[PDB]
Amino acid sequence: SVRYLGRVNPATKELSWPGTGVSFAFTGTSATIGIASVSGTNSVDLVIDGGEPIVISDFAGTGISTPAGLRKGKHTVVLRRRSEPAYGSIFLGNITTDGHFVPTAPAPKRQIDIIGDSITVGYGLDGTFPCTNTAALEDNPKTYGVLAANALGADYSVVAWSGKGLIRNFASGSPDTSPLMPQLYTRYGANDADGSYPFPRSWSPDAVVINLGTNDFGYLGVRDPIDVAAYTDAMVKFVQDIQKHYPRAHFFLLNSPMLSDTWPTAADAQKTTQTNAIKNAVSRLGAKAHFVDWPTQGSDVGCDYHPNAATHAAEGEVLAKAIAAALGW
């Protein structure tokens, strides 16, 4: 029996959000993950027998098959999306084997939501600066949030979309008046109807990680600097809205490795300003809210100054310990 990873609408079987996918085991020499349709560009990790990820970004036609050369016998298969809805999605078909399916090792008891923007997606992560981001260069399985969930032995759900904010999205001259992350968080698949995620009780995060504000703080030459009070107020409201569904979860609110106190100007002090706003939100939210620092990154970066693998891995450790400390893990 196949199990779906992450938030996947069972009415569509669309791998839409980053990190979504499937896990199963079989005995035989081969398995194929059928593909009903694919749109735009995508990339996935295929992990066989817990080995090195096979990175796939071309889905010619039929489906995704296990590698040639396996020995007849038991094998495990984990497929995970590296990339995000903005570039495309994969609609899954049926999964087949040349032998038969065997039981999966039981799913983790620990569960974590990770909510954010391009940083949480894994935008540009595999890229060498300077580079143009592509679905192939995105690498959700190497992001700070996923690496933290891995360290804690937890299942996770990534809900993230590049350029998105909490109160306002990325600063463009055309006002980017499309949905904000809270609205998107109500959807099953990323392009499904508002409110289409039913919050099934089968998924009940112990921890909810929120990393938003990099886009909100952008303003130079396009719009007014951020309304800090509104950003703070919205952060409190977003958590309260999630608590309608997951009242017992602890919340982990991160500041941005891409904001600094020197850009655009020293006066803006953007990183300190965001940091204080989040701490304020944490203070208003009470004991189940937690601030988690992410120091402004160094000069080594991926595409478009996004965090590279080392920067993600370092905060993954910080976040894993912070969640563990909060939860007694």
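Sequential numbering from 1, following the sequence displayed.
The PDB entry reports B-factors from which the mean C-alpha value can be compared for 226 to 234 and 76 to 84; the larger average falls on 226 to 234.
Checked against the record, the higher mean CA B factor of 298 to 306 and 33 to 41 lies with 33 to 41.
If you compare the C-alpha temperature factors of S162, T104, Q183, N169 in the entry, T104 comes out highest.
Each of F252, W203, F129, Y123 has a CA temperature factor in the record; the biggest one is found at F129.
When the modelled residues of the chain are ordered by C-alpha B-factor, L285 sits in the highest third.
Sort the chain's modelled residues by C-alpha temperature factor and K142 lands in the lowest third, per the entry. Compared with the other modelled residues of the chain, the Cα B-factor recorded for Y156 ranks in the lowest third. Sort the chain's modelled residues by C-alpha temperature factor and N191 lands in the middle third, per the entry. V2 sits in the highest third of its chain by CA B factor, as recorded in the PDB entry.
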